[PDB]
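>>> Here's a sequence, model it:
(2 chains, ligands or ions: 2)
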Protein chains: 2
Amino acid sequence: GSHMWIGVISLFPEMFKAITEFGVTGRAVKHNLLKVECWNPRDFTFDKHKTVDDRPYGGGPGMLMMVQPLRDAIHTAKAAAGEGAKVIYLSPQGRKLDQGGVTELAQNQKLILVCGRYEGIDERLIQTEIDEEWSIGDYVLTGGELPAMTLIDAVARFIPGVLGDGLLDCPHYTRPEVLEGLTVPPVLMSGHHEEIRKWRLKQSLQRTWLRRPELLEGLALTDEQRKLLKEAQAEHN
Amino acid sequence: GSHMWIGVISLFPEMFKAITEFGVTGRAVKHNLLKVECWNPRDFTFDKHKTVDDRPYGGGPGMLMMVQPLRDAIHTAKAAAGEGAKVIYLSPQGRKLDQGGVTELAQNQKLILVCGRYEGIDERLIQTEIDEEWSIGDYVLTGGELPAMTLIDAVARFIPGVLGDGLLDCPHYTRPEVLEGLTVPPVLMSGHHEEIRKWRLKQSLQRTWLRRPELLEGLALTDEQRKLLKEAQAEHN
Ligand SMILES: Nc1nonc1C(=O)NCC1CCCCC1
Ligand SMILES: Nc1nonc1C(=O)NCC1CCCCC1
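Residues are numbered from 1 along each chain as shown, chains lettered A, B, ... in the order given. Ligands and ions are numbered 1, 2, ... in the order given. Below, you will see the structure:
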C-alpha cells in the first residue's frame, strides 16, 4: 500500500539485479511494492572514452568520481523523483546504520542513494547535493553499491505486503528431532504456547547478555524480562 | 600472489554476480586473485518441488531452512575446500564486523560463507557445522547474501594485486576549482606535500572527533596527531 521508490546513482547499475530479481525483495519489485530506478554517471559523460573519474587536488594515490557526470546524474534522479526525495550518500564517514535508523529511513516515500566508487566524491557535492550521510558498518568496501543494496533490503522489510525488540534472536529448531546426538528442547515439543514464548524470550535475553551486553543497557526491561534474565544469569552460574 | 578462495552456500547464487562480474572485485575474480564458488541447497533436495524450507518446532509465523539440503550443501563445500577452511554464518547474532575483524578474516586462505534465508537455520547446525558467527551490522535483512558479499568485498581489498588508521577519511576535492561558489582549500593547490599531509590528517582528526568521538578513545595518538587534534578543537571553538 505504502510503496517505496528508491533512485540509485551507480557506475554499476546491474549490481542491483541482486536485490531486484531475487527473493523477498525481488517479489516486492515485481509486485510494484518497491521500485528501484538507476542512473549511471557514465551515461552523462561527453568525452569521446566516457570518463567518470578525475584526479584529486593535493595529489594522492587514487582517483575521485568525476564531478560533472555524477552531478548531472544526481540532478536527473532528483527531477525524476520530484519533491520529498531524500538524497543519501553511503560512506564510512556517515551516521552508523542500525535498526532504529532503518525505521527512520523507511518513513521516506522517496530516497536517492548515491554510490561512491574509487576514493569517493567531491566534498562540495556532499555539501550541495547530499542531505544525509550513512554508514552500514565500520569497515572499508570497494564501492557504495553493496551498502545501498543493504539499506534497500533493510527498509523494504517495512513496506506493507513485502513480508508475511532490541534483543538478539532466540535459537530455532526444525526437523529432525535428533541431529548428530543433539535433541530439540522438549519445551518446543510440548505444545504449550505460553511456556514456549517465555523460553524463547529467556533465550533471547540470555544470548543478548552473553554476546552483546551493551545492548541490554539501552533497554528498559519489562517485569517479565527482568525476571527471565535473572533466571538465565542464575542458571549460567 | 596470496589468492583467496571463498565458498558460498546460498539459495540465490546468481546474487553473487554483483561482486564477481563488476568493478574491483570483478577484476580480482577474472585475474584469479579471488575465487568465489557457490553451492545451492536446492540442488541437494530429493523431493519431486525441491523443498528448501521447513516448519519451526514450537510453532511460529515463519519458516526455517530445511536441514538436510543445507547440511549436504555445506558438506560438499567443505570437501571441495579441503582442510583449513573456516565456515562462517552471517546473522545479527554474530560477532560485529569491523575493519580489525576484516583483517582477521582476511588471513584465511579459505572461507565458506553460509547465507541464511527465511527465519534462519537450525541451531544444531550452528553448533556442528559453523566455526564462527559474524554480523555486518545491527539491522535485519531478508537474507545472508548481502552480508556475505559485503564480507567478500571487504576482505578482497587485502588480497595483493586487487587494489593499486582508525580515523575517518579526510575530505576530497577534484575539478573544478570552483563549484557553486565553493572553492578548493588553497593548501591542496599549494604543491607543498608536507602541508597537504598535515591538513588531511588534521581534517581526519577533526571529523572523527566531531562525528565519531568514541573512535578516538580506542586510539593512542602520535605526538603529531595530539597536536593537530588540539589545533582543530581550538579552531572549532
Ligand atoms: N562502510 C560503508 N558504509 O557505507 N559505505 C561504506 C563503504 O565502505 N563505501 C565504499 C565506498 C564509499 C565511498 C568512497 C569509496 C568507498
Ligand atoms: N545483519 C546481519 N549481519 O549478517 N547477516 C545479517 C542479516 O540480517 N542476515 C539476514 C538473515 C540472517 C539469517 C536469518 C534470516 C535473516
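
>>> The lengthiest helix in chain A and chain B, are they touching?
Longest helix of chain A, by residue count under DSSP state H: helix A:193-211. Yes. Using CB under 8 Å from any CB of the partner chain, we find that helix A:193-211 touches chain B at A:193, A:196, A:199-200, A:207, A:211. From N, CA and C alone the C-beta is placed, and that goes for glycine too.

>>> same deal with stretch A:45-61?
Yes. Contact check for stretch A:45-61 against chain B, using CB under 8 Å from any CB: residues in range are A:54-61.

>>> ok, back up a step: just the buried residues of the longest helix of chain A, please?
Buried residues in helix A:193-211, counted by 16 or more other CB atoms under 10 Å in any protein chain shown: A:196, A:198-209.

>>> C-terminal to it, what's the next element?
helix A:213-217 (DSSP states H and E).

>>> what about that following helix and ligand 2, any contact?
No. On the criterion CB under 6 Å from any ligand atom, helix A:213-217 is out of touch with ligand 2, staying 13.4 Å away.

>>> Report the inter-axis angle for the next helix or strand after that helix versus helix A:193-211.
Following helix A:213-217 in sequence order, the next helix or strand is helix A:223-236 (DSSP H and E). Interaxial angle, helix A:223-236 versus helix A:193-211 (axes from the mean of the first three to the mean of the last three CA atoms, to 10 degrees): 60 degrees.

>>> got the contact list for helix A:223-236?
A:198, A:201-202, A:205-206, A:209-210, A:216, A:221 (CB atoms under 8 Å, 6 or more residues apart in numbering or on different chains).

>>> my read: residue A:212 touches residue A:168, true?
Yes. With contact defined as CB atoms under 8 Å, residue A:212 counts as touching residue A:168 (6.2 Å).

>>> Among the two, which residue is more densely surrounded?
residue A:168 (22 against 17; other CB atoms under 10 Å in any protein chain shown).

>>> show me the contacts for the more buried one.
A:204, A:207-208, A:211-212, A:215, B:92-93.

>>> Which one of the residues you listed is nearest to ligand 2?
residue B:92 (4.3 Å; CB to the nearest ligand atom).

>>> ok, back up a step: buried subset of the residues of stretch A:45-61 next to chain B as a ChimeraX selection?
Remark: buried members of these, expressed as a ChimeraX selection using 16+ other CB under 10 Å:
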select /A:54,56,57,58
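
>>> Need the residues of stretch A:45-61 next to chain B in CSV (columns: distance to ligand 1 and secondary structure).
As requested, the residues of stretch A:45-61 next to chain B are exported to CSV (distance: CB to the nearest ligand atom, whole Å; DSSP: H, G, I helix; E, B strand; the rest coil):
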residue, distance to ligand 1, secondary structure
A:54, 14, strand
A:55, 16, coil
A:56, 12, coil
A:57, 16, coil
A:58, 17, coil
A:59, 18, coil
A:60, 13, coil
A:61, 13, coil
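
>>> Tell me where chain A has strands.
Applying DSSP state E to chain A gives strands spanning A:4-9, A:34-39, A:53-54, A:64-65, A:86-96, A:110-114, A:132-135, A:178-179, A:182-183.

>>> Any idea which of those gets closest to residue A:160?
strand A:4-9 (10.0 Å; CB to CB).

>>> List the buried residues for that closest one?
Quick answer for strand A:4-9 (16+ other CB under 10 Å): A:4-9.

>>> Kindly report the same for stretch A:136-153.
A:136-139, A:141-153.

>>> Once you drop chain neighbours, what's closest to residue A:178?
Excluding the flanking residues, the one nearest residue A:178 by CB to CB, 6 or more residues apart in numbering or on different chains is residue A:184, at 7.9 Å.

>>> Go ahead and confirm that neighbour touches residue A:172.
No. Residue A:184 is beyond contact range of residue A:172, at 10.2 Å (criterion: CB under 8 Å).

>>> Spell out for me which residue occupies the centre of chain A.
residue A:151 (2.8 Å; CA atoms, centre = their mean).

>>> Contact partners for it?
Going by CB under 8 Å, 6+ apart, the list of residues near residue A:151 reads A:88, A:90, A:97, A:102, A:105, A:113, A:134, A:136.

>>> before we move on, back to that, Serialize the strands of chain A to CSV and add fields for distance to residue B:23.
Below are the strands of chain A laid out as CSV (distance: least, CB to CB, whole Å):
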stretch, distance to residue B:23
strand A:4-9, 15
strand A:34-39, 15
strand A:53-54, 12
strand A:64-65, 13
strand A:86-96, 15
strand A:110-114, 16
strand A:132-135, 19
strand A:178-179, 40
strand A:182-183, 42
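
>>> Any idea which of those strands gets closest to residue B:158?
strand A:86-96 (16.0 Å).

>>> Can the closest one be said to contact chain B?
Yes. Counting by CB under 8 Å from any CB, chain B has neighbours in strand A:86-96: A:91-93.

>>> Just give me the closest of those to residue A:19.
Nearest member of the residues of strand A:86-96 next to chain B to residue A:19, counting by CB to CB, is residue A:91, at 19.9 Å.

>>> Tell me the spacing between the closest one and residue B:103.
20 Å (CB to CB, to the nearest Å).

>>> Over to residue A:126?
Distance, residue A:126 to residue B:103, by CB to CB: 28 Å.

>>> Looking at these two, which one has more neighbours?
Neighbour comparison, residue A:126 and residue B:103: the larger count goes to residue A:126, with 21 against 14 (by other CB under 10 Å).

>>> Would you confirm that that one contacts residue A:132?
No. At 10.2 Å, residue A:126 does not count as touching residue A:132 under the criterion of CB under 8 Å.

>>> Between those two, which contacts overlap?
Contact criterion CB under 8 Å, 6+ apart; residues shared by residue A:126 and residue A:132: residue A:89.

>>> What are the phi and psi values at the closest residue to ligand 1 within chain A?
Nearest to ligand 1, among the residues of chain A, is residue A:116, at 2.9 Å (CB to the nearest ligand atom). When quoted as degrees, to the nearest 10, the phi and psi of residue A:116 stand at phi -70, psi 150.

>>> Report the contact partners of the nearest residue to it once chain neighbours are set aside.
Leaving aside its sequence neighbours, residue A:116 sits nearest to residue A:144 (CB to CB, 6+ apart; 4.5 Å). Contacts here follow CB under 8 Å, 6+ apart; on that basis residue A:144 touches A:10, A:89-91, A:113-117.

>>> Reformat these as a markdown table; add distance to residue A:29.
Converted to a markdown table, the contacts of residue A:144 look like this (distance: CB to CB, whole Å):
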| residue | distance to residue A:29 |
| --- | --- |
| A:10 | 16 |
| A:89 | 23 |
| A:90 | 20 |
| A:91 | 26 |
| A:113 | 15 |
| A:114 | 20 |
| A:115 | 18 |
| A:116 | 24 |
| A:117 | 24 |
